[PDB]
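One structure is given here, and the rest of the page talks about it.
Bear in mind that the values in this text are calculations on the coordinates, not laboratory data. Because the Cβ atoms are built from the backbone with ideal geometry, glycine has one as well, and the counts that use them run over all protein chains shown.
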Amino acid sequence: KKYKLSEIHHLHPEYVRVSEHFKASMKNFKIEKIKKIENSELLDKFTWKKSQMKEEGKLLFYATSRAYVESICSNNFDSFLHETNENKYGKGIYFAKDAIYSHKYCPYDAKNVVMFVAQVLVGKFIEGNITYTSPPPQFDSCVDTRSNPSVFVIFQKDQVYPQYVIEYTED
């Protein structure tokens, strides 16, 4: 295996931190588990890109089916997997600022939905549209709106590191 997926205790500070980020928008939900992802290959690609970009990472959300957890932990997120926005802001990977946004735009049955926490190098962003296969020149990502974006579109895997998987159920 290319990675490790490790369950974190609920009193661990990383659990507390992730739980607070998730619960800021996921009010009618209970966290069942939080697992830490370790993939050295994906981390080295990310840390190199972070170094070249000279940007700090942003903690963003990606809701998906439990069936895809292993594919993401070993090979990173797949741009060929779409959500219900249907590439409206560019043909790339969609990461939400608020966990509730990724959850509501996830097309899978609630019982099968898990929440990824990803470190994302958004850099300079601009509004995207369906025709973009790259951000416009001098930009690193695309968004729904430049002021208070709700979603970020990433066109390169090395700008993302999957960091946590959250298991949860609706109240």
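At-a-glance table
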| read-out | value |
| --- | --- |
| Some residue of the stretch 26-40 being in contact with an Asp or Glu (Cβ under 9 Å, 6 or more places away or on another chain), closer than 15 Å to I154 by Cα and among the hydrophobic types (A, V, I, L, M, F, W, C) | no |
| Total residues in the stretch 109-145, condition in a loop (DSSP other than H, G, I, E, B) and farther than 30 Å from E14 by Cα | 13 |
| Matching residues, the stretch 142-155, being in contact (Cβ under 8 Å) with a residue 24 or more places away in the chain, out of contact with any helix residue (DSSP H, G or I) (no Cβ under 6 Å at 6 or more places or on another chain) and not aliphatic (A, V, I, L, M) | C142, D144, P149, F152, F155 |
| Number of the condition not met by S79 [criteria: (1) crowded, with 18+ Cβ neighbours inside 10 Å; (2) in contact (Cβ under 8 Å) with a residue 60 or more places away in the chain; (3) under 25 Å from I34 (Cβ atoms)] | (3) |
| Selection within the stretch 32-64 - touching a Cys at 6+ places or on another chain (Cβ under 8 Å) and either part of a strand (DSSP E or B) or exposed (fewer than 13 other Cβ atoms within 10 Å of the Cβ) (or both) | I37, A63, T64 |
